[PDB]
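Student: One file: protein-v2.cif (mmCIF, N, CA, C and O atoms and all ligand atoms).
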data_work
loop_
_atom_site.label_atom_id
_atom_site.label_comp_id
_atom_site.auth_asym_id
_atom_site.auth_seq_id
_atom_site.Cartn_x
_atom_site.Cartn_y
_atom_site.Cartn_z
N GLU U 340 -22.08 3.14 -3.53
CA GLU U 340 -23.10 3.62 -2.59
C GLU U 340 -22.69 3.58 -1.13
O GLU U 340 -23.42 4.13 -0.29
N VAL U 341 -21.57 2.96 -0.78
CA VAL U 341 -21.08 2.95 0.59
C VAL U 341 -19.90 3.89 0.77
O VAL U 341 -19.85 4.65 1.74
N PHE U 342 -18.95 3.86 -0.16
CA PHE U 342 -17.74 4.67 -0.10
C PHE U 342 -17.98 6.13 -0.48
O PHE U 342 -17.28 7.02 0.03
N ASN U 343 -18.94 6.42 -1.35
CA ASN U 343 -19.26 7.79 -1.73
C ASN U 343 -20.57 8.24 -1.07
O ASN U 343 -21.32 9.06 -1.60
N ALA U 344 -20.78 7.78 0.16
CA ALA U 344 -22.00 8.07 0.89
C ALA U 344 -22.04 9.53 1.32
O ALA U 344 -21.02 10.14 1.63
N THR U 345 -23.26 10.08 1.34
CA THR U 345 -23.47 11.48 1.68
C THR U 345 -23.04 11.81 3.11
O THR U 345 -22.32 12.79 3.34
N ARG U 346 -23.47 11.01 4.08
CA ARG U 346 -23.09 11.25 5.47
C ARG U 346 -22.84 9.94 6.21
O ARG U 346 -23.65 9.01 6.14
N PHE U 347 -21.72 9.89 6.92
CA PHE U 347 -21.36 8.75 7.74
C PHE U 347 -21.89 8.91 9.16
O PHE U 347 -22.01 10.03 9.68
N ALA U 348 -22.20 7.79 9.79
CA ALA U 348 -22.72 7.75 11.14
C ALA U 348 -21.60 7.95 12.16
O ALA U 348 -20.41 7.80 11.86
N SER U 349 -21.99 8.29 13.38
CA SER U 349 -21.05 8.40 14.48
C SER U 349 -20.60 7.01 14.93
O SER U 349 -21.28 6.01 14.74
N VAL U 350 -19.41 6.97 15.54
CA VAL U 350 -18.82 5.70 15.93
C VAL U 350 -19.64 5.00 17.01
O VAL U 350 -19.60 3.78 17.14
N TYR U 351 -20.41 5.76 17.80
CA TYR U 351 -21.25 5.12 18.80
C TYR U 351 -22.38 4.30 18.17
O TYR U 351 -22.92 3.41 18.84
N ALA U 352 -22.74 4.58 16.92
CA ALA U 352 -23.81 3.86 16.24
C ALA U 352 -23.44 3.60 14.78
O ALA U 352 -24.07 4.07 13.84
N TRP U 353 -22.38 2.82 14.58
CA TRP U 353 -21.88 2.56 13.23
C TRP U 353 -22.87 1.73 12.42
O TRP U 353 -23.58 0.87 12.94
N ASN U 354 -22.90 1.99 11.11
CA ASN U 354 -23.79 1.33 10.18
C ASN U 354 -23.19 0.03 9.65
O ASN U 354 -21.97 -0.10 9.51
N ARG U 355 -24.06 -0.93 9.35
CA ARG U 355 -23.66 -2.24 8.83
C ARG U 355 -24.51 -2.59 7.62
O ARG U 355 -25.66 -3.01 7.76
N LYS U 356 -23.96 -2.41 6.42
CA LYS U 356 -24.62 -2.73 5.16
C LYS U 356 -24.16 -4.09 4.66
O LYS U 356 -22.95 -4.35 4.58
N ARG U 357 -25.11 -4.96 4.31
CA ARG U 357 -24.80 -6.29 3.80
C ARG U 357 -24.81 -6.30 2.27
O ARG U 357 -25.78 -5.88 1.64
N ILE U 358 -23.71 -6.78 1.70
CA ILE U 358 -23.47 -6.86 0.26
C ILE U 358 -23.49 -8.32 -0.16
O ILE U 358 -22.71 -9.13 0.37
N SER U 359 -24.37 -8.68 -1.10
CA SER U 359 -24.49 -10.07 -1.51
C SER U 359 -25.17 -10.22 -2.86
O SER U 359 -25.77 -9.28 -3.39
N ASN U 360 -25.07 -11.43 -3.41
CA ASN U 360 -25.68 -11.86 -4.68
C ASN U 360 -25.35 -10.93 -5.85
O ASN U 360 -26.24 -10.40 -6.52
N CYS U 361 -24.06 -10.73 -6.09
CA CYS U 361 -23.63 -9.85 -7.17
C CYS U 361 -22.19 -10.17 -7.56
O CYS U 361 -21.51 -10.97 -6.91
N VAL U 362 -21.75 -9.55 -8.66
CA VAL U 362 -20.37 -9.63 -9.14
C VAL U 362 -19.63 -8.38 -8.65
O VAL U 362 -20.02 -7.25 -8.96
N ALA U 363 -18.60 -8.59 -7.84
CA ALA U 363 -17.86 -7.51 -7.19
C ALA U 363 -16.52 -7.27 -7.87
O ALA U 363 -15.61 -8.10 -7.79
N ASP U 364 -16.41 -6.13 -8.55
CA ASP U 364 -15.20 -5.72 -9.26
C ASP U 364 -14.32 -4.93 -8.29
O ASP U 364 -14.62 -3.77 -7.98
N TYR U 365 -13.24 -5.56 -7.83
CA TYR U 365 -12.33 -4.97 -6.85
C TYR U 365 -11.16 -4.22 -7.48
O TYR U 365 -10.32 -3.69 -6.75
N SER U 366 -11.08 -4.17 -8.81
CA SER U 366 -9.98 -3.48 -9.46
C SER U 366 -10.08 -1.96 -9.35
O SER U 366 -9.05 -1.27 -9.32
N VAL U 367 -11.30 -1.41 -9.31
CA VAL U 367 -11.45 0.04 -9.24
C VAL U 367 -10.92 0.60 -7.91
O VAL U 367 -10.23 1.63 -7.90
N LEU U 368 -11.23 -0.04 -6.78
CA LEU U 368 -10.72 0.46 -5.51
C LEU U 368 -9.20 0.32 -5.39
O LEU U 368 -8.55 1.18 -4.78
N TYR U 369 -8.62 -0.73 -5.96
CA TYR U 369 -7.17 -0.91 -5.86
C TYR U 369 -6.41 0.11 -6.70
O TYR U 369 -5.43 0.69 -6.23
N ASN U 370 -6.83 0.35 -7.94
CA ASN U 370 -6.10 1.29 -8.78
C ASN U 370 -6.41 2.75 -8.45
O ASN U 370 -5.56 3.62 -8.67
N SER U 371 -7.61 3.05 -7.95
CA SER U 371 -7.96 4.42 -7.61
C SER U 371 -7.01 4.99 -6.56
O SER U 371 -6.75 4.35 -5.53
N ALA U 372 -6.49 6.18 -6.83
CA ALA U 372 -5.56 6.87 -5.94
C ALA U 372 -6.26 7.68 -4.85
O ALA U 372 -5.57 8.32 -4.05
N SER U 373 -7.59 7.66 -4.81
CA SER U 373 -8.33 8.47 -3.85
C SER U 373 -8.20 7.98 -2.41
O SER U 373 -8.50 8.73 -1.49
N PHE U 374 -7.76 6.74 -2.20
CA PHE U 374 -7.62 6.21 -0.85
C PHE U 374 -6.26 6.56 -0.28
O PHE U 374 -5.23 6.47 -0.96
N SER U 375 -6.25 6.97 0.99
CA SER U 375 -5.01 7.31 1.68
C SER U 375 -4.28 6.08 2.20
O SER U 375 -3.04 6.10 2.29
N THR U 376 -5.00 5.02 2.56
CA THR U 376 -4.38 3.79 3.02
C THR U 376 -5.24 2.62 2.58
O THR U 376 -6.47 2.72 2.55
N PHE U 377 -4.58 1.50 2.25
CA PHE U 377 -5.28 0.28 1.84
C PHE U 377 -4.43 -0.91 2.28
O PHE U 377 -3.66 -1.48 1.51
N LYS U 378 -4.57 -1.29 3.55
CA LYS U 378 -3.80 -2.39 4.11
C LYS U 378 -4.74 -3.55 4.39
O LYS U 378 -5.69 -3.41 5.17
N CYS U 379 -4.47 -4.71 3.79
CA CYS U 379 -5.35 -5.86 3.90
C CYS U 379 -4.71 -6.92 4.79
O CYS U 379 -3.51 -7.21 4.66
N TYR U 380 -5.51 -7.48 5.69
CA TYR U 380 -5.13 -8.57 6.57
C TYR U 380 -5.87 -9.84 6.19
O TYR U 380 -7.08 -9.82 5.94
N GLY U 381 -5.15 -10.96 6.16
CA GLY U 381 -5.78 -12.21 5.81
C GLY U 381 -5.54 -12.55 4.35
O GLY U 381 -4.96 -13.59 4.03
N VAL U 382 -6.00 -11.67 3.46
CA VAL U 382 -5.92 -11.91 2.03
C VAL U 382 -5.16 -10.76 1.39
O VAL U 382 -5.20 -9.62 1.86
N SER U 383 -4.47 -11.07 0.30
CA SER U 383 -3.72 -10.12 -0.49
C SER U 383 -4.67 -9.30 -1.37
O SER U 383 -5.62 -9.86 -1.94
N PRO U 384 -4.44 -8.00 -1.50
CA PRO U 384 -5.32 -7.18 -2.36
C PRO U 384 -5.24 -7.50 -3.84
O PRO U 384 -6.17 -7.12 -4.57
N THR U 385 -4.19 -8.15 -4.33
CA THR U 385 -4.08 -8.37 -5.77
C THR U 385 -4.71 -9.67 -6.26
O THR U 385 -4.99 -9.80 -7.46
N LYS U 386 -5.02 -10.62 -5.37
CA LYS U 386 -5.71 -11.84 -5.77
C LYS U 386 -7.21 -11.80 -5.52
O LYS U 386 -7.91 -12.75 -5.88
N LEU U 387 -7.72 -10.72 -4.92
CA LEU U 387 -9.13 -10.62 -4.54
C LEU U 387 -10.09 -10.82 -5.71
O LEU U 387 -11.27 -11.10 -5.48
N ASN F 388 32.14 -0.40 9.95
CA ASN F 388 33.49 0.12 9.71
C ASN F 388 34.55 -0.96 9.62
O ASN F 388 35.62 -0.70 9.06
N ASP F 389 34.31 -2.15 10.16
CA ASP F 389 35.31 -3.21 10.07
C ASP F 389 35.10 -4.11 8.86
O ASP F 389 36.07 -4.52 8.22
N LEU F 390 33.84 -4.42 8.53
CA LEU F 390 33.53 -5.30 7.42
C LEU F 390 33.91 -4.66 6.08
O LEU F 390 34.06 -3.44 5.96
N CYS F 391 34.06 -5.51 5.06
CA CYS F 391 34.43 -5.09 3.72
C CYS F 391 33.48 -5.71 2.70
O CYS F 391 32.94 -6.80 2.91
N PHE F 392 33.30 -5.00 1.59
CA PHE F 392 32.33 -5.34 0.57
C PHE F 392 33.00 -5.24 -0.79
O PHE F 392 34.01 -4.55 -0.95
N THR F 393 32.46 -5.96 -1.78
CA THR F 393 33.07 -5.89 -3.10
C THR F 393 32.73 -4.58 -3.81
O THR F 393 33.61 -3.95 -4.39
N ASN F 394 31.47 -4.15 -3.76
CA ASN F 394 31.01 -2.92 -4.39
C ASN F 394 29.79 -2.40 -3.64
O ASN F 394 29.04 -3.18 -3.04
N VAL F 395 29.61 -1.09 -3.68
CA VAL F 395 28.44 -0.43 -3.12
C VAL F 395 27.88 0.54 -4.15
O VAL F 395 28.64 1.24 -4.83
N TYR F 396 26.56 0.57 -4.28
CA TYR F 396 25.88 1.48 -5.18
C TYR F 396 24.98 2.39 -4.36
O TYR F 396 24.26 1.93 -3.47
N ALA F 397 25.00 3.68 -4.67
CA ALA F 397 24.16 4.66 -3.99
C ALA F 397 23.09 5.17 -4.95
O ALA F 397 23.40 5.90 -5.90
N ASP F 398 21.85 4.77 -4.71
CA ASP F 398 20.71 5.21 -5.51
C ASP F 398 20.08 6.43 -4.83
O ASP F 398 19.60 6.33 -3.70
N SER F 399 20.11 7.56 -5.52
CA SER F 399 19.63 8.83 -4.98
C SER F 399 18.41 9.34 -5.74
O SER F 399 18.44 9.44 -6.97
N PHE F 400 17.35 9.66 -5.00
CA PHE F 400 16.17 10.24 -5.61
C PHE F 400 15.39 10.99 -4.54
O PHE F 400 15.62 10.81 -3.34
N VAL F 401 14.48 11.85 -4.99
CA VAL F 401 13.65 12.67 -4.12
C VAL F 401 12.20 12.18 -4.15
O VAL F 401 11.66 11.87 -5.22
N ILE F 402 11.60 12.09 -2.97
CA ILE F 402 10.20 11.77 -2.79
C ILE F 402 9.60 12.82 -1.87
O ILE F 402 10.23 13.22 -0.88
N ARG F 403 8.41 13.29 -2.21
CA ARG F 403 7.73 14.33 -1.44
C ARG F 403 6.36 13.85 -1.00
O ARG F 403 5.74 13.00 -1.64
N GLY F 404 5.89 14.41 0.11
CA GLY F 404 4.60 14.05 0.64
C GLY F 404 4.64 12.75 1.43
O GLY F 404 5.70 12.29 1.88
N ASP F 405 3.46 12.16 1.59
CA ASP F 405 3.30 10.89 2.29
C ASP F 405 4.00 9.75 1.57
O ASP F 405 4.65 9.96 0.54
N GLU F 406 3.88 8.54 2.12
CA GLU F 406 4.46 7.29 1.63
C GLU F 406 5.97 7.20 1.78
O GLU F 406 6.55 6.20 1.37
N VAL F 407 6.63 8.23 2.31
CA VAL F 407 8.09 8.19 2.44
C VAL F 407 8.53 6.96 3.22
O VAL F 407 9.62 6.42 2.99
N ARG F 408 7.70 6.49 4.15
CA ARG F 408 7.96 5.27 4.90
C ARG F 408 7.96 4.02 4.02
O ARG F 408 8.47 2.98 4.46
N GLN F 409 7.40 4.08 2.81
CA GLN F 409 7.26 2.88 1.99
C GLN F 409 8.58 2.37 1.44
O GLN F 409 8.61 1.28 0.86
N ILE F 410 9.68 3.11 1.61
CA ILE F 410 10.97 2.65 1.13
C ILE F 410 11.54 1.68 2.16
O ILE F 410 12.29 2.08 3.07
N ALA F 411 11.20 0.41 2.03
CA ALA F 411 11.62 -0.63 2.95
C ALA F 411 11.30 -1.98 2.32
O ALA F 411 10.42 -2.07 1.46
N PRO F 412 12.01 -3.04 2.72
CA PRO F 412 11.77 -4.35 2.09
C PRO F 412 10.39 -4.90 2.44
O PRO F 412 9.92 -4.76 3.57
N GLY F 413 9.76 -5.52 1.45
CA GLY F 413 8.45 -6.13 1.66
C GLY F 413 7.34 -5.15 1.99
O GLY F 413 6.47 -5.47 2.82
N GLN F 414 7.35 -3.98 1.37
CA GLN F 414 6.34 -2.96 1.60
C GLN F 414 5.47 -2.81 0.35
O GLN F 414 5.93 -3.07 -0.77
N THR F 415 4.23 -2.40 0.55
CA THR F 415 3.27 -2.24 -0.53
C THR F 415 2.82 -0.78 -0.63
O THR F 415 2.97 0.00 0.30
N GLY F 416 2.26 -0.44 -1.79
CA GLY F 416 1.81 0.91 -2.05
C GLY F 416 2.14 1.41 -3.44
O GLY F 416 2.87 0.76 -4.20
N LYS F 417 1.60 2.59 -3.78
CA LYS F 417 1.83 3.17 -5.10
C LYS F 417 3.32 3.38 -5.38
O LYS F 417 3.78 3.16 -6.51
N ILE F 418 4.08 3.82 -4.38
CA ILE F 418 5.51 4.06 -4.59
C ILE F 418 6.27 2.75 -4.74
O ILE F 418 7.07 2.58 -5.66
N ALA F 419 6.02 1.80 -3.83
CA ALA F 419 6.71 0.52 -3.87
C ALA F 419 6.35 -0.31 -5.10
O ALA F 419 7.18 -1.09 -5.58
N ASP F 420 5.14 -0.16 -5.62
CA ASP F 420 4.70 -0.97 -6.76
C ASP F 420 5.02 -0.36 -8.12
O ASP F 420 5.28 -1.11 -9.06
N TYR F 421 4.99 0.96 -8.26
CA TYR F 421 5.21 1.58 -9.56
C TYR F 421 6.46 2.43 -9.68
O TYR F 421 6.86 2.75 -10.81
N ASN F 422 7.11 2.80 -8.58
CA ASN F 422 8.23 3.73 -8.66
C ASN F 422 9.58 3.13 -8.28
O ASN F 422 10.53 3.23 -9.06
N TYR F 423 9.69 2.51 -7.12
CA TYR F 423 10.97 1.95 -6.69
C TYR F 423 10.72 0.74 -5.81
O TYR F 423 10.10 0.86 -4.75
N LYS F 424 11.19 -0.42 -6.26
CA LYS F 424 10.94 -1.69 -5.58
C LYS F 424 12.28 -2.28 -5.16
O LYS F 424 13.16 -2.51 -6.00
N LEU F 425 12.43 -2.53 -3.85
CA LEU F 425 13.59 -3.11 -3.20
C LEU F 425 13.46 -4.63 -3.15
O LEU F 425 12.36 -5.16 -3.03
N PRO F 426 14.57 -5.35 -3.24
CA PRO F 426 14.50 -6.82 -3.20
C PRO F 426 14.17 -7.34 -1.81
O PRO F 426 14.31 -6.65 -0.80
N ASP F 427 13.71 -8.59 -1.79
CA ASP F 427 13.26 -9.21 -0.55
C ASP F 427 14.42 -9.42 0.42
O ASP F 427 14.25 -9.25 1.64
N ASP F 428 15.59 -9.79 -0.09
CA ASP F 428 16.76 -10.03 0.75
C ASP F 428 17.75 -8.87 0.73
O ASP F 428 18.96 -9.09 0.82
N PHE F 429 17.25 -7.64 0.60
CA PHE F 429 18.12 -6.48 0.52
C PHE F 429 18.93 -6.34 1.80
O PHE F 429 18.37 -6.37 2.90
N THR F 430 20.25 -6.19 1.66
CA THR F 430 21.08 -5.95 2.83
C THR F 430 21.76 -4.58 2.74
O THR F 430 22.68 -4.38 1.94
N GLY F 431 21.26 -3.64 3.53
CA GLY F 431 21.79 -2.29 3.53
C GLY F 431 20.86 -1.38 4.29
O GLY F 431 19.92 -1.83 4.95
N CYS F 432 21.12 -0.09 4.18
CA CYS F 432 20.37 0.91 4.93
C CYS F 432 19.91 2.07 4.05
O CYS F 432 20.57 2.44 3.08
N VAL F 433 18.77 2.62 4.44
CA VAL F 433 18.14 3.78 3.82
C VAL F 433 18.19 4.98 4.76
O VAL F 433 17.83 4.89 5.94
N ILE F 434 18.71 6.09 4.23
CA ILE F 434 18.88 7.34 4.96
C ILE F 434 18.13 8.44 4.22
O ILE F 434 18.16 8.50 2.99
N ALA F 435 17.41 9.27 4.98
CA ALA F 435 16.60 10.33 4.41
C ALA F 435 16.59 11.54 5.35
O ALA F 435 16.70 11.40 6.57
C1 LIG U 501 -19.57 7.55 -6.36
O1 LIG U 501 -18.19 7.69 -5.97
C2 LIG U 501 -17.28 7.57 -7.07
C3 LIG U 501 -15.89 7.65 -6.49
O2 LIG U 501 -15.00 8.35 -7.35
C4 LIG U 501 -17.55 8.65 -8.11
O3 LIG U 501 -16.70 8.44 -9.24
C5 LIG U 501 -19.01 8.61 -8.55
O4 LIG U 501 -19.29 9.71 -9.42
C6 LIG U 501 -19.94 8.66 -7.34
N1 LIG U 501 -21.33 8.55 -7.76
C7 LIG U 501 -22.34 9.09 -7.08
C8 LIG U 501 -23.71 8.87 -7.66
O5 LIG U 501 -22.17 9.73 -6.05
#
Please express the file's structure as structure tokens.
Ligand SMILES: *[C@@H]1O[C@H](CO)[C@@H](O)[C@H](O)[C@H]1NC(C)=O
Tutor:
Amino acid sequence: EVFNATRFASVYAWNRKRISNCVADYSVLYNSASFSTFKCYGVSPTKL
Amino acid sequence: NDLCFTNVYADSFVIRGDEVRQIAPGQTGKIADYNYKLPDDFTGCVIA
């Protein structure tokens, strides 16, 4: 619901959605080839 | 030109599109993870 959103806001008024109290499966975003770049700072993408 | 080596191997392959920069030590991505992975202490040069 955030990555496949219908319309993104302008940078002057960026949106902030809070995600909590759930099980987050991070394997779909890592294996999906639809992303042009996926560079993580702080934590490694494979241990997430 | 002055130094000497015991053996040299030339690995030749073609890559098209983006990610061409990913051919380097300690790099991540679809190409570096599934296609061609260079060692951490690689000593040599890449020409394209
Ligand atoms: C949400 O985005 C994903 C990304 O591929 C897509 O597979 C899915 O069909 C989308 N769902 C909706 C309801 O837009």
Student: Each residue of chain U lying at most 8 Å from chain F should get a row with its shortest atom-to-atom pair and the distance in Å to one decimal, counting all atoms listed in the file; could you produce that, ordered by chain and increasing number, as CSV?
Tutor:
residue,atom,partner,partner_atom,distance
U:369,O,F:417,N,7.7
U:375,O,F:406,N,7.3
U:377,O,F:416,N,6.9
Student: Take every atom of stretch 374-384 of chain U listed in the file, fit an axis-aligned box around them, add 8 Å per side, and give the centre and edge lengths in Å to one decimal as JSON.
Tutor:
{"center_x": -5.4, "center_y": -3.1, "center_z": 1.0, "size_x": 20.7, "size_y": 36.9, "size_z": 27.1}
Student: Choose the residue, out of U:360, U:373, U:348, U:380, that has the smallest atom-to-atom separation from ligand LIG 501 (chain U); count only N, CA, C and O atoms and all ligand atoms.
Tutor: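 For ligand LIG 501 (chain U), the nearest of the given residues is U:373.
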Student: Report, in Å to a single decimal, how far apart atom CA of residue U:372 and atom CA of residue F:407 are.
Tutor: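 If I compute the distance from atom CA of residue F:407 to atom CA of residue U:372, I get 16.1 Å.
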Student: Ligand LIG 501 (chain U): which residues are within 10 Å, counting only C-alpha atoms and all ligand atoms, as a PyMOL selection string?
Tutor: chain U and resi 340-345+367-368+371-373
Student: Please identify all polymer residues within 12 Å of stretch 398-404 of chain F, counting only C-alpha atoms, omitting same-chain residues fewer than 3 positions from it, and present them as a list in words.
Tutor: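 So, after excluding close chain neighbours, the residues are residues 375 of chain U; 395, 407, 408, 409, 410, 418, 419, 422, 423, 424, 425, 431, 432, 433, 434 and 435 of chain F.
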Student: What is the distance, in Å and to one decimal place, between atom CA of residue F:421 and atom CA of residue U:362?
Tutor: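 Separation of atom CA of residue F:421 and atom CA of residue U:362: 27.9 Å.
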Student: Report the distance between atom CA of residue F:411 and atom CA of residue U:383 in Å, rounded to one decimal place.
Tutor: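 Separation between atom CA of residue F:411 and atom CA of residue U:383: 18.4 Å.
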